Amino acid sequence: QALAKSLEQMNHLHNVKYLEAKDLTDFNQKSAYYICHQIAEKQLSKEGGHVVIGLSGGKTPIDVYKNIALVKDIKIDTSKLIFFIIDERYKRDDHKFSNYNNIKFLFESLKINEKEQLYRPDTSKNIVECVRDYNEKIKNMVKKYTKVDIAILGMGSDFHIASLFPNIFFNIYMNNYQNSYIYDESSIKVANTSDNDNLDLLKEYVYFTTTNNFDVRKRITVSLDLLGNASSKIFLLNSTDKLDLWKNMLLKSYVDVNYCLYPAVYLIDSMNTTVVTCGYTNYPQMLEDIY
């Protein structure tokens, strides 16, 4: 009620909607409210009611998910929801701190039947089989339910989203296609053609990617293409540091954006990206000043 006013105070700038929070509590409430409003709007217009929602892990999304339970004035049929894990930190031998295990309280809160309503990687398999298996599962999800309706995302200090780590083309190619380790290399002809056009060649739904060992080296991620085709992308940027990064991204991507380096901009350019913000008052004015 206090929150439904505020979805109306929303700023639009260069095809992004910005929703501003006043502090971290407001952020988590406003974010959870906006996500429920999107799910309900989508469900109301989808024949069969089966809204497909991609979830990221991490502290910022988790503290938002904790508030989803609290949302009471929005009618949603939770038995028809379909969830999938956008990306996972792979550790075959211990799953304790995984994104799934850190966010699964949400499924319990909403009384979700995970066997029927949740797609996630089987991280008990070896990395190659885990990736190929989750690929086919996401493929089947998209066939059955047409597309992703809502993707909930964050962004790291290296501009990565999901586990799509710059340079997304090099990282995907070297981890999946080189030596046909995961997918057939004969399928793809790299030119030495923009990175953007090269990433176009990679047609799978799920890939193996890598980052540093401290952050969990081996990752499973849905593809940038899958996320760009989502009907709604929601970024959760709840600090000045994150808002500073988003601004600098927009500055540096203004000319000849390489989507392999700034994947969030691919989502922007694909339309229907919303950013919820906390840290700066009148943040969208700060951005207009660079334009």
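Counting begins at 1, following the sequence as shown.
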Between the two ranges 262 to 270 and 27 to 35, the one averaging a larger CA B factor in the entry
27 to 35
Mean CA temperature factor from the deposited coordinates, higher in 9 to 17 or in 275 to 283?
9 to 17
From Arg120, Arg89, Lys80, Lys203, which pick has the Cα B-factor that tops the rest in the entry?
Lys203
Going by the entry, which of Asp158, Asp133, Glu108, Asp215 has the most elevated CA B factor?
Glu108
Tell me, lowest, middle or highest third: where does the Cα B factor of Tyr183 rank within its chain?
middle
Among the chain's modelled residues, which third holds the C-alpha B-factor of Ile53?
lowest
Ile74, C-alpha B-factor rank within chain (lowest, middle or highest third)
highest
Looking at the entry's B-factor column for C-alpha atoms only, identify whether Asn248 ranks in the lowest, middle or highest third of its chain.
middle
State the tercile, meaning the lowest, middle or highest third, of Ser223 with respect to the CA B-factors recorded for its chain.
lowest
